[PDB]
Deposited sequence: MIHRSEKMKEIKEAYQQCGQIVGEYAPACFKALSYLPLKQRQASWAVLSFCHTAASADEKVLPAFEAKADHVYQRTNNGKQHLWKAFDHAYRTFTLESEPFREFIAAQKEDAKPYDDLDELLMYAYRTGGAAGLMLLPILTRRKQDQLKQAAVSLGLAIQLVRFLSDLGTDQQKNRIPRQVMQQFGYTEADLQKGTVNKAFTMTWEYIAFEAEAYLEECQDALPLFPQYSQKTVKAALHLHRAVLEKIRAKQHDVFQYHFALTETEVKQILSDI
């Protein structure tokens, strides 16, 4: 087929979007692999955009935008949320609002790609999934001050976890209670998407199911490794993903 140079450039840009996501989000990339090619590549573009903004390729993004009639709002929301705050979060609501504006927004970005019909019925599930995934990522690595800053001071106070403990990266009972209190919320969002799993079209169910299983597994691994998130960034290995996804 004589493809236009423009389309050739779009295909190149998409592949690069896939290289990116595959590198910075192996688990999600794996979950997305179950989508048909058109949807899969579109998802790469959306998440590549997220990664890029969190730290040309627009050709593939515009293509995805026009192909799936994506909405501009969530993309704007995500961008605005990258302007930060060097101050620690106070309320759990503050952390949740943040996960909502980033992960939740990403979930909304992807909605039109995950489903063509029952979008109204699956919107809540998509946002909850993205929100939960962001919470899981947050709970998987507390190595820097920026990450430590997202731990809600009111939650820390509830269990007696001190600023001094946190700065030292001390993993004591007070810390695990703080961590589990936040993990409880993440799991509630996950279960919410789990309940709506049968509503997604067959072409995207394996992708949603994979995402759900993978992130639940991440939380379990962290627990298995004694919540040692101040020292290591937790992620599933290729071997682990394979087992989780064996079905």
| Numbering the deposited sequence from 1, which residue ranges have no coordinates here? | 1, 57-81, 274
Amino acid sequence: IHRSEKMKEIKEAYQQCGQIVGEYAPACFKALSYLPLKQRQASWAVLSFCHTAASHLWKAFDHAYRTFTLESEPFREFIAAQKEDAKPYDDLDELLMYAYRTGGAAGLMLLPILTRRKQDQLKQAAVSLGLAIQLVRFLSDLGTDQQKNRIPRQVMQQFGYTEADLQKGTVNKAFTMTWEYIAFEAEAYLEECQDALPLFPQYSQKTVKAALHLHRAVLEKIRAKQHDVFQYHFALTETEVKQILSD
From here on, numbers count along this sequence of modelled residues.
| task | Compare the mean C-alpha B-factor of 222-230 with that of 11-19 as given in the PDB entry, and name the stretch with the higher value. | result | 11-19
| Per the entry, where is the mean C-alpha temperature factor higher: 35-43 or 22-30? | 22-30
| query | When the CA B-factors of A188, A217, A210, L57 are compared as recorded in the entry, which is the largest? | reply | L57
| message | Quiz for you: based on the deposited Cα B-factor, which of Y98, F78, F159, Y89 is highest? | response | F78
| remark: Chain thirds by Cα B factor, record data; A183 belongs to the lowest
| Within-chain third of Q134 by Cα B-factor, per the entry | lowest
| How does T67 rank on Cα B-factor within its chain, lowest, middle or highest third? | lowest
| note | Temperature factor at the Cα of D141, chain-ranked in thirds, falls in the lowest
| Among modelled residues of the same chain, the CA temperature factor third for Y203 | lowest
